[PDB]
Amino acid sequence: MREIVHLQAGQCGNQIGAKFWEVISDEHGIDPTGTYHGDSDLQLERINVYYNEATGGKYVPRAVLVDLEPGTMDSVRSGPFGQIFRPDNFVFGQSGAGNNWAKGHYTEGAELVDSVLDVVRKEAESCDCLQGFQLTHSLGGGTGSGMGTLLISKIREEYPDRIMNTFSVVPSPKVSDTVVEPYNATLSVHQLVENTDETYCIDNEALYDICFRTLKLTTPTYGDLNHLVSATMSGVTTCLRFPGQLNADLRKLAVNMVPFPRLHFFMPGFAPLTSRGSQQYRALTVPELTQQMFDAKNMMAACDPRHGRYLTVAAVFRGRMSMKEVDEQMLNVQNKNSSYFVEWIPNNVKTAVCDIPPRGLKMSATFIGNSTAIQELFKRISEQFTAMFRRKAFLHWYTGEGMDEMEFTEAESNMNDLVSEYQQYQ
Amino acid sequence: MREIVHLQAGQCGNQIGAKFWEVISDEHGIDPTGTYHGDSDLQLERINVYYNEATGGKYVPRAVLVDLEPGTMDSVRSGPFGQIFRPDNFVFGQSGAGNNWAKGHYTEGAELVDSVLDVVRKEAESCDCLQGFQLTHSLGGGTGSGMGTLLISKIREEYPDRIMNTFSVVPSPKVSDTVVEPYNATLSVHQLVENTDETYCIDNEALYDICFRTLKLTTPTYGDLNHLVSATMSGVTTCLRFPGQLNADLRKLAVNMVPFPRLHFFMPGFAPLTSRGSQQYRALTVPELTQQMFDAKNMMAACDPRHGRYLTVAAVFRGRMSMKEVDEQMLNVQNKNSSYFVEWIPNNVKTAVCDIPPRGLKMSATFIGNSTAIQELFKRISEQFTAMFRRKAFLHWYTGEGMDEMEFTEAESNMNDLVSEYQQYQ
Amino acid sequence: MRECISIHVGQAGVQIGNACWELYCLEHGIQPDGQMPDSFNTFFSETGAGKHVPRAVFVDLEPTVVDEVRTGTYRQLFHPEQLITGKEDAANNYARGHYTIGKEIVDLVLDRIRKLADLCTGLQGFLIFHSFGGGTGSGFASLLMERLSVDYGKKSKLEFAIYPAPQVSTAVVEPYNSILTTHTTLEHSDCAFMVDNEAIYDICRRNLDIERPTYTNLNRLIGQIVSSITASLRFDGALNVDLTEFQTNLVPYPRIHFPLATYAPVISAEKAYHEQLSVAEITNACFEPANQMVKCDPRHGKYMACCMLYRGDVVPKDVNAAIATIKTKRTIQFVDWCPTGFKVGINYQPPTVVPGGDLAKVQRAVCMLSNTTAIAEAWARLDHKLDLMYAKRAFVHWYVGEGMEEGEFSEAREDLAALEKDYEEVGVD
Amino acid sequence: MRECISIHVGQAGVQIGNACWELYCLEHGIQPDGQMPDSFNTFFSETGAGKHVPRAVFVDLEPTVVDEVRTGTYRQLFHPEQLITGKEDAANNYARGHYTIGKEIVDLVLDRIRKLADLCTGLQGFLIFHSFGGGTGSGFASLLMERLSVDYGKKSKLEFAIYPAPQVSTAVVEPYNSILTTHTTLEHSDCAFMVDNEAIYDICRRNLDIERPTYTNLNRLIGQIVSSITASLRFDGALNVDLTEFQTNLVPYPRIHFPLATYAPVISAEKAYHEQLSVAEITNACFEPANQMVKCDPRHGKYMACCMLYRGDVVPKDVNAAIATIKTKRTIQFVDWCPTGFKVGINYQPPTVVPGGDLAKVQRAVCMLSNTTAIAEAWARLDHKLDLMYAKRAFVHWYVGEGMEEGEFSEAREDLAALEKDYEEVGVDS
Amino acid sequence: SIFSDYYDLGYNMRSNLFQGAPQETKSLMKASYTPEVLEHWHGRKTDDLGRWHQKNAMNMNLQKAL
Ligand SMILES: Nc1nc2c(ncn2[C@@H]2O[C@H](COP(=O)(O)OP(=O)(O)OP(=O)(O)O)[C@@H](O)[C@H]2O)c(=O)[nH]1
Ligand SMILES: Nc1nc2c(ncn2[C@@H]2O[C@H](COP(=O)(O)OP(=O)(O)OP(=O)(O)O)[C@@H](O)[C@H]2O)c(=O)[nH]1
Ligand SMILES: Nc1nc2c(ncn2[C@@H]2O[C@H](COP(=O)(O)OP(=O)(O)O)[C@@H](O)[C@H]2O)c(=O)[nH]1
Ligand SMILES: Nc1nc2c(ncn2[C@@H]2O[C@H](COP(=O)(O)OP(=O)(O)O)[C@@H](O)[C@H]2O)c(=O)[nH]1
Ligand SMILES: [Mg+2]
Ligand SMILES: [Mg+2]
């Protein structure tokens, strides 16, 4: 009844949201036909948060699904859960942006923001109470950063009180999938800072590390990648949808998780990750969960928390457990390592407990964190930008569609302001 | 509780430990799957000394397995009780050691000793109290005597007030199995006199003589040798796991036995050893048990105590007893053998009687000795060192690892030093 | 006749009430469905059906914890008009529960309180269960105190509040919402029972010999102490202590009205198998520093006024014998200007234990309330905790953004400074 | 009304206490559950439901003798709070168990004797059970003595300790443990009781027909001895002795307080079928030197004080005959200063035979306490044992590491040398 | 014979050296201290006036304390 409107943009966001709606329909027991066939009565009591009511017991999801080239839509629709999304939400175009931020932001991006706003505003005003917007896109791409940033800009000048909750995919350190993404990341970070209130940062190679070293997989496809993303996708709104002894919504995390408006860049984690070969040798309780979500090699970002400093940290639990183990080991992780946390904030750990565990585990958790170590990524993006703007390397495919050359200097000058503000608190 | 973390290093140490853990699992009633099979309720209240709890009624060991070759780990997992071990505790090197002490300590042990330290730091914090450590060695090779001393030198430096009862298979005086054995043994014994509080001395031909002239085994494999060694291992810590009259843990044995901070080279044995044909020809009681304990053909070292003096003697007893026979015969033995025992200590024998016997016998003892006959075994390696080193023979396999030729002079200096302090009370 | 109104505000208050009303129904004959197969007058208004409605108001801005009452096993007991549900949460923000979202629903709960007191000829006071470190329990409740002290006149206000533990903490902004409410709820309450959370965890770890109980086992103890408070308004006793004399004994001054809580016989079943509990040992265990329901050292502070509420099978002679040995203990530091310092209440009804509960059937029970000065130490600790957050403009944007002036934050610090300086002033010779 | 609190520190104390408390529950009508299907007041506490919690404080730094009780047949009898356990060991060290790990738990155990004494209407004194050889029973006992002397004070601390035997020994550092622990028995203990092993071994060998005696057969005899002395508080007689009465009649000096305890009619079933353990023949059997519970020679010393406690069918008329036969002898040689030196006790209840034991019951059982000056000649030998080991400072490095100076051995030696001359100067007089 | 696999593993384990048979070994004090468990002076039967004097002793002890 606290309502979340979902947006996707790009071939990142479409597939990640496909796995997200997959695991959400699996949790609520929703068939590919859309009909409920689950067992417990607790899956219908807050079903409206992610799904819209329709006749025939069919729960159509509440999400707009947009990408310029329609070649990605035919992959989503022919998938396992592709027959539940509305075709009116299937807004697209005719020409793909293809790895250019300025293509998706000014010339053709202005020609589709109205067409996607007409369905976002249509779904948003059919809501009892609206909590915010949850968006899935890519940072290093061309149609995610190029276009979905316009949607955030157009929403935030029209809904000036709803929360912004973005799950971006940042570029990797050692392997680059594009050749131009320093420009796109520099142009999208400058526009994501003064608008959004809660941004998540995910990277591909750190999740490769996860499913290789921890899950002990043999052939890590993109499906297991997006399933590991969907695990922390569903775990953040698990108290807004299920009962428990102590629940937290998105605004609780927003007020417990940001000290200042310009420091709201997060990084996620997932605690109960164990392989098949070590299933029978693991004691599934509270202590190894609190010792595992703390581990640096259980995280979804390429920044060691050793080098940075934790300002505040949230930790949402799930399942049936006692609460003094929880708080006593949050005390243990605040007291064993005083050099990890800031001394100018007394309590840095936010906890919340649900009651219904995920389908397949007795106990689970979800790590959220605002760390100073995310400054180590942005300084690398800026060093790439300074190595690329110094001779106007790829600039002529950007100014060819009506960009200002000087705006690139403003983007860098406002990007490194975040680095300066993170550095003052270290 | 009072729990022991095990470490197995080198091929000999791994093969002995794969028998030690597996006779312990016999003693506590654990199947190769990991569940419970025992006949009594007495095998579970003190299961936490060696094992860790696992969900589903399963039990896993508490051991770290370390080497420099995947073949021994393959052989350990291929055994009957190899599958109980956790696979994330298996940390190993993947290129050979060369039987070099220098390569196993400086060039290849330096890469591996960090991860082994990480795993033992994980496992030492999984208990409310840690009693001490336990390690299986081999003083002749390079992969079982190069980083094991590195393990001890970074365990005493971090856990400074516990017990490390390492067990070592010492090189032979008469025959041999590796031509570089005096080098590795002197280099290991330079570090075993400084940071270790209890060490043991195991000699392979003593095993051979026991299994030929007493056990009458026609074809003795190495498995029977490790069975005898593990039977000696099990008797020392029986008071930690099973109740009895006069209990004595490892700190009891430490405080009673070794008088000086350096005279801690032990001399272990196992009393009720007999062949199959002679079992129905002998009575089974304490008067014959003390003889078979004090017999030098039930001893694991090729050095006659007749040529030296017994300093202090322990005898950990098992089975149903009546301690007049226990107390009065340690007086009778000292009264008849007055010349061999020292004069400045009134009572040289400590007894410790447990009640729960090993499986198979009721009249079981573990001989522990401290004698000045160790120097008659240590001159036979100091002479081999002083024959090899003076001709400047084998040093460039050690000089190539950054250690210079003068380091060996301190090893033989400490050798002659130890021989001198053994001779002070002869 | 002497009927009392309980107001539960917030998630903590609703979860406390869900366990207190269980034993309220169980101690009388009231079944979970509302039926019974005149002592029940003070808590249950009797309709003509034999079905009894409770005199409570459950209000919360987040609906998630109230719907489990509506769909649980107590769905047919409460009046459906009572369980007030909000639209949007306060989300740990005092301003969100005070000025903009909390302002809409105060008139409805005020009207519900008025219509509940219209059916109450024996109104005595208020039993408020609100939290301090939360969003709605600290902000929405302050509006309620503001309205009731100007609309219902001089009536008794007894708060059963949850205070943040010194070590265990849940939110990260709770020093704010703890400091913010004390500015206006100081003068708008007559007594405030401070309860922490960690000390009760020690109680169920040490006295109770069970490991991993949950929030339910803590709320059961809170329900037990709130039952022993109102034991003298429903059952016969030797010396009944009405609700009015509580503050005639406890509070001396118009600004020191902050007593403490203690419940002594908290032993288990196997302990009741072995050890017999008379009056003297439970009175001695009541005064133990480690048996306290607040993490504090009572020996540092000085007791100013205490009241005992004995419950069960007691005779007065050894009650008067047991307090004389407290007069001769120099380890317990009583104040030099209260030679009497004691109040005794007796009830003949033994305490009851819930099915599947943690305690056992006992014959004697003592509940302790005492105005001490260690609460000033707890307040100085929370003041030092808050003082390392306003040094560098932290978390203010959530507050000044939504209808709260920045000038509040400077005044609350000096108001609490005057409060603790007055509290330490009266503790001297 | 007349109540004693038992603190049973150490493994030997716990085993002897298991035997003694089994005897106590057998003596009255208490089931091992706690229910009978005013004599229990000394050692029990009546509850409302009919339970009876014994007044014992079982403390050890190990669970393997305390949880071993918890799985026994007396698990429901004992309140679970007084079965105090530890984590690690004193490990044959007075210094470790008195200074390092004893400190973390001596504040916890002391809160239990306080609650036991709060339930006590009138407490007469404590009855400590430990051993002088091991680590816990030498350091924890000393800490308990000093804390109870600071805390309670003017009570009657009975001390039932087990001494190291001259020839049979288990530990090596047990002379070091036994010499150090005399610095609280001499000052902070108001009475004491030495018992060594080999005397009980020989008593079981010769007086009893049994060979091969296990350790339960020793603790049962010790429990009978301790039930004999505290029998008068539970059942008084024609001549009752009191715990604060016999303390003044057993010391001449504030330093000579080391008596010897015997139970004279130790007898078997085949042995005692033929003779009668009459009053006149067990009194001179009280002074037989090989029936002494301490392996020492009383012919080489002079008797200084005595106290004989009878138990059962005893008439006072032949006790004077038994007291007149003894003083006329030449070998039983006394101190010239005191001519009488004898206090006699009478009680009317015969001993209770334990089903499963060996001691077949007699009707006239006598417990005998004597203050002899010969026990000091059993103390110079321990001093010789310590002197021959301190010559080159053996085993010292494991005491000086635990926050204690090396010179306390030497000052213990000065104390023992200054203690020997007290027994030297008595006996010889003008 | 419901634990035959345990014995079959254990003997084939230690038939090399330790041949025997499976027994159950209890601890010594669980076999010595066991469920095996007219009377002149069954107690000093103090009653009535003696109880009054004991309560008197307590009361004037605390009274002279005051
Ligand atoms: N003792 C106890 N404390 C509780 C319980 N439930 C919640 N709390 C406390 O409540 C604190 C935060 O929750 P609340 O104060 O209820 O938050 P709130 O007032 O409801 O504000 P919102 O959740 O934003 O609506 C935590 O620190 C908990 O200690 C409970 O059942 N028992
Ligand atoms: N009667 C009796 N004596 C015992 C028993 N166990 C040990 N002893 C005696 O205790 C003496 C040494 O003390 P310890 O056995 O070390 O006992 P401790 O003093 O509590 O020290 P720890 O064993 O470490 O707890 C030995 O000389 C034994 O004669 C027993 O079960 N019964
Ligand atoms: N985890 C995950 N990453 C993806 C997926 N599809 C694309 N990516 C990432 O997207 C990055 C390239 O950006 P791209 O998706 O082509 O941007 P776009 O063309 O603007 O939508 C690469 O670093 C990939 O790791 C997916 O299904 N899962
Ligand atoms: N008891 C026993 N000893 C062994 C076994 N295998 C090798 N050894 C001993 O190991 C010695 C050689 O050292 P080695 O094991 O090669 O040293 P490493 O290579 O560093 O582990 C020889 O003297 C053997 O007696 C075994 O299975 N059992
Ligand atoms: Mg709430
Ligand atoms: Mg012990």
# chains A, B, ... in the order shown; residues from 1 in each chain; ligands from 1
$ interface_residues --of "chain B" --to "chain A" --cutoff "7 Å" --atoms "only C-alpha atoms" --output "PDB file with C-alpha atoms, in the first residue's frame"
ATOM      1  CA  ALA B  54      26.972 -28.950  12.239  1.00  0.00           C
ATOM      2  CA  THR B  55      23.257 -28.796  11.496  1.00  0.00           C
ATOM      3  CA  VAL B  60      32.965 -31.956  11.294  1.00  0.00           C
ATOM      4  CA  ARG B  86      35.656 -29.035   5.404  1.00  0.00           C
TER       5      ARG B  86
END
$ residues_around --residues "residue 187 in chain A" --least-positions-apart "2" --cutoff "10 Å" --atoms "only C-alpha atoms" --output "PDB file with N, CA, C and O atoms, in the first residue's frame"
ATOM      1  N   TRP A 101      25.933   8.987 -24.603  1.00  0.00           N
ATOM      2  CA  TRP A 101      25.077   9.650 -23.626  1.00  0.00           C
ATOM      3  C   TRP A 101      24.302  10.799 -24.251  1.00  0.00           C
ATOM      4  O   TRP A 101      23.112  10.985 -23.966  1.00  0.00           O
ATOM      5  N   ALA A 102      24.961  11.586 -25.103  1.00  0.00           N
ATOM      6  CA  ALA A 102      24.328  12.773 -25.664  1.00  0.00           C
ATOM      7  C   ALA A 102      23.265  12.418 -26.690  1.00  0.00           C
ATOM      8  O   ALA A 102      22.340  13.208 -26.918  1.00  0.00           O
ATOM      9  N   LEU A 139      25.279   2.525 -15.792  1.00  0.00           N
ATOM     10  CA  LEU A 139      26.017   3.781 -15.759  1.00  0.00           C
ATOM     11  C   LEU A 139      26.965   3.930 -16.942  1.00  0.00           C
ATOM     12  O   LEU A 139      27.112   5.034 -17.479  1.00  0.00           O
ATOM     13  N   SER A 145      22.323   5.624 -19.081  1.00  0.00           N
ATOM     14  CA  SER A 145      22.773   6.936 -18.625  1.00  0.00           C
ATOM     15  C   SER A 145      22.256   8.044 -19.527  1.00  0.00           C
ATOM     16  O   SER A 145      21.954   9.147 -19.053  1.00  0.00           O
ATOM     17  N   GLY A 146      22.180   7.777 -20.830  1.00  0.00           N
ATOM     18  CA  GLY A 146      21.747   8.803 -21.761  1.00  0.00           C
ATOM     19  C   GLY A 146      20.300   9.206 -21.564  1.00  0.00           C
ATOM     20  O   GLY A 146      19.975  10.394 -21.571  1.00  0.00           O
ATOM     21  N   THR A 149      18.411   9.145 -17.074  1.00  0.00           N
ATOM     22  CA  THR A 149      18.705  10.340 -16.291  1.00  0.00           C
ATOM     23  C   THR A 149      17.711  11.462 -16.590  1.00  0.00           C
ATOM     24  O   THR A 149      17.318  12.199 -15.675  1.00  0.00           O
ATOM     25  N   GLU A 181      32.764   4.753 -22.002  1.00  0.00           N
ATOM     26  CA  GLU A 181      31.999   4.880 -20.759  1.00  0.00           C
ATOM     27  C   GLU A 181      32.580   5.842 -19.717  1.00  0.00           C
ATOM     28  O   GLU A 181      31.830   6.204 -18.804  1.00  0.00           O
ATOM     29  N   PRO A 182      33.880   6.217 -19.718  1.00  0.00           N
ATOM     30  CA  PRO A 182      34.256   7.366 -18.872  1.00  0.00           C
ATOM     31  C   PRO A 182      33.464   8.630 -19.156  1.00  0.00           C
ATOM     32  O   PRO A 182      33.061   9.312 -18.204  1.00  0.00           O
ATOM     33  N   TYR A 183      33.187   8.936 -20.429  1.00  0.00           N
ATOM     34  CA  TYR A 183      32.359  10.097 -20.744  1.00  0.00           C
ATOM     35  C   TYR A 183      30.948   9.939 -20.188  1.00  0.00           C
ATOM     36  O   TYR A 183      30.414  10.860 -19.562  1.00  0.00           O
ATOM     37  N   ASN A 184      30.337   8.768 -20.395  1.00  0.00           N
ATOM     38  CA  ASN A 184      28.961   8.555 -19.953  1.00  0.00           C
ATOM     39  C   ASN A 184      28.852   8.570 -18.433  1.00  0.00           C
ATOM     40  O   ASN A 184      27.907   9.147 -17.880  1.00  0.00           O
ATOM     41  N   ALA A 185      29.812   7.951 -17.743  1.00  0.00           N
ATOM     42  CA  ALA A 185      29.804   7.961 -16.285  1.00  0.00           C
ATOM     43  C   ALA A 185      30.020   9.367 -15.737  1.00  0.00           C
ATOM     44  O   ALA A 185      29.350   9.767 -14.777  1.00  0.00           O
ATOM     45  N   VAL A 189      27.038  10.969 -13.466  1.00  0.00           N
ATOM     46  CA  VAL A 189      27.274  11.173 -12.039  1.00  0.00           C
ATOM     47  C   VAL A 189      26.962  12.613 -11.646  1.00  0.00           C
ATOM     48  O   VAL A 189      26.351  12.865 -10.598  1.00  0.00           O
ATOM     49  N   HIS A 190      27.345  13.572 -12.494  1.00  0.00           N
ATOM     50  CA  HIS A 190      27.070  14.983 -12.233  1.00  0.00           C
ATOM     51  C   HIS A 190      25.574  15.270 -12.164  1.00  0.00           C
ATOM     52  O   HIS A 190      25.149  16.162 -11.421  1.00  0.00           O
ATOM     53  N   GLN A 191      24.763  14.512 -12.898  1.00  0.00           N
ATOM     54  CA  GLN A 191      23.320  14.711 -12.885  1.00  0.00           C
ATOM     55  C   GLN A 191      22.601  13.839 -11.865  1.00  0.00           C
ATOM     56  O   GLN A 191      21.445  14.126 -11.534  1.00  0.00           O
ATOM     57  N   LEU A 192      23.245  12.784 -11.362  1.00  0.00           N
ATOM     58  CA  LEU A 192      22.627  11.938 -10.345  1.00  0.00           C
ATOM     59  C   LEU A 192      22.825  12.462  -8.929  1.00  0.00           C
ATOM     60  O   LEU A 192      22.186  11.954  -8.002  1.00  0.00           O
ATOM     61  N   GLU A 407      30.730  22.232 -21.097  1.00  0.00           N
ATOM     62  CA  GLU A 407      29.972  21.458 -20.114  1.00  0.00           C
ATOM     63  C   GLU A 407      30.757  20.258 -19.593  1.00  0.00           C
ATOM     64  O   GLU A 407      30.501  19.798 -18.474  1.00  0.00           O
ATOM     65  N   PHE A 408      31.721  19.760 -20.370  1.00  0.00           N
ATOM     66  CA  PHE A 408      32.559  18.655 -19.917  1.00  0.00           C
ATOM     67  C   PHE A 408      33.450  19.085 -18.756  1.00  0.00           C
ATOM     68  O   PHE A 408      33.733  18.288 -17.854  1.00  0.00           O
ATOM     69  N   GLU A 410      32.559  21.475 -16.575  1.00  0.00           N
ATOM     70  CA  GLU A 410      31.631  21.567 -15.448  1.00  0.00           C
ATOM     71  C   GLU A 410      31.314  20.196 -14.865  1.00  0.00           C
ATOM     72  O   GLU A 410      31.182  20.053 -13.644  1.00  0.00           O
ATOM     73  N   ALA A 411      31.188  19.177 -15.722  1.00  0.00           N
ATOM     74  CA  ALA A 411      30.918  17.826 -15.236  1.00  0.00           C
ATOM     75  C   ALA A 411      32.063  17.304 -14.375  1.00  0.00           C
ATOM     76  O   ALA A 411      31.830  16.735 -13.305  1.00  0.00           O
ATOM     77  N   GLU A 412      33.307  17.520 -14.810  1.00  0.00           N
ATOM     78  CA  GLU A 412      34.461  17.123 -14.007  1.00  0.00           C
ATOM     79  C   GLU A 412      34.562  17.948 -12.728  1.00  0.00           C
ATOM     80  O   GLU A 412      34.835  17.404 -11.649  1.00  0.00           O
ATOM     81  N   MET A 415      32.031  16.661 -10.446  1.00  0.00           N
ATOM     82  CA  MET A 415      32.266  15.276 -10.058  1.00  0.00           C
ATOM     83  C   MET A 415      33.304  15.212  -8.946  1.00  0.00           C
ATOM     84  O   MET A 415      33.095  14.540  -7.930  1.00  0.00           O
TER      85      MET A 415
END
$ atom_distance --atom1 "CA of residue 178 in chain B" --atom2 "CA of residue 381 in chain B"
13.6 Å
$ residues_near_ligand --ligand "ligand 4" --cutoff "9 Å" --atoms "only C-alpha atoms and all ligand atoms" --output "NGL selection string"
:B and (9-16 or 67-68 or 97-101 or 104 or 137-146 or 169-172 or 176-178 or 181 or 202-205 or 207 or 221-229)
$ interface_residues --of "chain D" --to "chain B" --cutoff "7 Å" --atoms "only C-alpha atoms" --output "number ranges by chain"
D: 64, 87, 91-92, 168-173, 212-214, 385, 388-389, 394-395
$ write_last_selection --atoms "C-alpha atoms" --output "PDB file, in the first residue's frame"
ATOM      1  CA  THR D  64      34.750 -32.736  34.433  1.00  0.00           C
ATOM      2  CA  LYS D  87      37.092 -22.746  32.167  1.00  0.00           C
ATOM      3  CA  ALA D  91      47.375 -26.963  36.640  1.00  0.00           C
ATOM      4  CA  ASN D  92      49.464 -27.899  39.705  1.00  0.00           C
ATOM      5  CA  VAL D 168      53.472 -42.193  47.639  1.00  0.00           C
ATOM      6  CA  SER D 169      53.203 -39.057  45.516  1.00  0.00           C
ATOM      7  CA  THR D 170      51.585 -38.147  42.209  1.00  0.00           C
ATOM      8  CA  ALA D 171      52.592 -34.581  41.375  1.00  0.00           C
ATOM      9  CA  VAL D 172      56.212 -33.444  41.253  1.00  0.00           C
ATOM     10  CA  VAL D 173      55.561 -29.846  42.317  1.00  0.00           C
ATOM     11  CA  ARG D 212      42.900 -53.228  45.536  1.00  0.00           C
ATOM     12  CA  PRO D 213      41.012 -50.269  47.107  1.00  0.00           C
ATOM     13  CA  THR D 214      39.628 -47.629  44.768  1.00  0.00           C
ATOM     14  CA  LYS D 385      62.126 -32.470  50.197  1.00  0.00           C
ATOM     15  CA  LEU D 388      66.717 -30.692  47.929  1.00  0.00           C
ATOM     16  CA  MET D 389      64.722 -29.192  45.042  1.00  0.00           C
ATOM     17  CA  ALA D 394      63.911 -26.030  39.686  1.00  0.00           C
ATOM     18  CA  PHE D 395      60.314 -25.416  38.509  1.00  0.00           C
TER      19      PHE D 395
END
$ interface_residues --of "chain E" --to "chain B" --cutoff "6 Å" --atoms "only C-alpha atoms" --output "PDB file with N, CA, C and O atoms, in the first residue's frame"
ATOM      1  N   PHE E  18      44.612 -53.878  18.097  1.00  0.00           N
ATOM      2  CA  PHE E  18      43.753 -53.801  19.281  1.00  0.00           C
ATOM      3  C   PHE E  18      42.512 -54.646  19.038  1.00  0.00           C
ATOM      4  O   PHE E  18      41.473 -54.146  18.612  1.00  0.00           O
ATOM      5  N   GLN E  19      42.614 -55.924  19.339  1.00  0.00           N
ATOM      6  CA  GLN E  19      41.486 -56.822  19.197  1.00  0.00           C
ATOM      7  C   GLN E  19      40.823 -57.054  20.547  1.00  0.00           C
ATOM      8  O   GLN E  19      41.488 -57.195  21.576  1.00  0.00           O
ATOM      9  N   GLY E  20      39.496 -57.099  20.521  1.00  0.00           N
ATOM     10  CA  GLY E  20      38.717 -57.164  21.735  1.00  0.00           C
ATOM     11  C   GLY E  20      37.254 -57.446  21.474  1.00  0.00           C
ATOM     12  O   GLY E  20      36.926 -58.315  20.663  1.00  0.00           O
ATOM     13  N   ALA E  21      36.370 -56.729  22.161  1.00  0.00           N
ATOM     14  CA  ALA E  21      34.931 -56.930  22.060  1.00  0.00           C
ATOM     15  C   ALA E  21      34.243 -55.676  22.587  1.00  0.00           C
ATOM     16  O   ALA E  21      34.812 -54.965  23.424  1.00  0.00           O
TER      17      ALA E  21
END
$ interface_residues --of "chain C" --to "chain D" --cutoff "9 Å" --atoms "only C-alpha atoms" --output "MDAnalysis selection string"
chainID C and resid 270:271 273:277 281
$ write_last_selection --atoms "C-alpha atoms" --output "PDB file, in the first residue's frame"
ATOM      1  CA  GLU C 270      13.470 -25.554  37.950  1.00  0.00           C
ATOM      2  CA  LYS C 271      14.384 -22.720  40.321  1.00  0.00           C
ATOM      3  CA  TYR C 273      11.384 -26.636  42.127  1.00  0.00           C
ATOM      4  CA  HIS C 274      14.309 -26.050  44.526  1.00  0.00           C
ATOM      5  CA  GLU C 275      14.369 -22.625  46.202  1.00  0.00           C
ATOM      6  CA  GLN C 276      11.488 -21.374  48.345  1.00  0.00           C
ATOM      7  CA  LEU C 277      10.745 -17.650  48.059  1.00  0.00           C
ATOM      8  CA  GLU C 281      14.828 -12.879  49.940  1.00  0.00           C
TER       9      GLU C 281
END
$ interface_residues --of "chain C" --to "chain A" --cutoff "9 Å" --atoms "only C-alpha atoms" --output "NGL selection string"
:C and (11-12 or 15 or 64-65 or 67-68 or 87-93 or 167-175 or 198 or 201 or 212-215 or 385-386 or 388-389 or 391-398)
$ select_by_dssp --residues "range 28-66 of chain E" --states "helix (DSSP H, G or I)" --output "list in words"
residues 29, 30, 31, 32, 49, 50, 51, 52, 53, 54, 55, 56, 57, 58, 59, 60, 61, 62, 63, 64 and 65 of chain E
$ write_last_selection --atoms "C-alpha atoms" --output "tab-separated table (two decimals), in the first residue's frame"
chain	number	residue	atom	x	y	z
E	29	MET	CA	31.04	-43.05	40.61
E	30	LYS	CA	28.05	-43.89	38.40
E	31	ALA	CA	28.53	-47.51	39.52
E	32	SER	CA	29.52	-46.83	43.14
E	49	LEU	CA	8.20	-22.89	72.96
E	50	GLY	CA	11.61	-23.58	71.41
E	51	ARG	CA	10.44	-22.09	68.11
E	52	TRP	CA	9.15	-19.08	70.04
E	53	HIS	CA	12.56	-18.70	71.69
E	54	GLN	CA	14.33	-18.96	68.32
E	55	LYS	CA	12.13	-16.18	66.93
E	56	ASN	CA	12.85	-14.27	70.13
E	57	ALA	CA	16.59	-14.72	69.56
E	58	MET	CA	16.31	-13.32	66.05
E	59	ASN	CA	14.06	-10.45	67.15
E	60	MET	CA	16.18	-9.15	70.01
E	61	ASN	CA	19.34	-9.61	67.91
E	62	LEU	CA	17.89	-7.19	65.33
E	63	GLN	CA	16.46	-5.09	68.19
E	64	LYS	CA	19.83	-4.60	69.90
E	65	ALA	CA	21.18	-3.92	66.42
